[PDB]
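All remarks here apply to the structure that follows.
Per chain, numbering begins at 1; letters A, B, ... match sequence-line order. The figures that follow rest on heavy atoms only: side chains count, while hydrogens, waters and symmetry mates do not.
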Amino acid sequence: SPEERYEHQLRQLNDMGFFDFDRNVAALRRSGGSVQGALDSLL
Amino acid sequence: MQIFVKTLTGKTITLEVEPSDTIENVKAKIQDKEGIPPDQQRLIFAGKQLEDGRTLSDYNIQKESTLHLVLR
C-alpha cells in the first residue's frame with residue numbers, strides 16, 4: 001500500500017508544508033518514492 | 001538567532017543568521033558549512049520554495065525555525 005510504503009517521505013513532505021495526502025501519494029508514486037523528484041509537481 | 005536546515009537524508013545543519021538575512025545569504029552559509037554550491041540548493045519552508053532576494057523576515061522565519069534543503 002502506498003500510505004505505508006511512503007510513510008517517511010509523507011512525513012518529510014508534511015514537515016516541508018505539503019499536506020495534500022492524495023496529491024503527495026500520487027507524486028511520490030510517479031517519482032518512485034523520491035521527494036526530490038516529486039517536489040516540482042507539488043509546488 | 002539560530003535556524004535549522006534539514007536535508008532529505010536527515011542531516012540537520014544549524015546556522016547563525018539574522019532576520020534581515022536574504023535567502024542568497026543563507027545559501028552561502030550552507031555552502032560554508034557543508035560544501036553545497038548555492039546554485040544546487042532549493043530551500044523549502046511552509047510549502048514554498050524560498051526566493052534568493054527575499055529575507056528570512058519576509059517569510060516570517062524566526063528563532064529556531066527549520067528549513068528543508070532539496071538539491072536540484
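By the 4.0 Å N-to-carboxylate-O rule, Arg72(B) lies too far from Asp40(A) to be salt-bridged with it.
Between the CE atom in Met16(A) and the CG atom in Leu8(B) there is a gap of 6.0 Å [rounded to 0.5 Å]. If you take CD1 on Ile44(B) and CG on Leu13(A), they are separated by 10.0 Å, rounding to the nearest 0.5 Å.
Panel note: side chain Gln49(B), backbone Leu43(A); no donor-acceptor pair is recorded below 3.5 Å.
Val26(B) and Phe4(B) fall into different hydrophobic clusters, defined by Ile, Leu, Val, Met, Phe, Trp and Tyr side-chain heavy atoms under 4.5 Å apart, directly or through other members.
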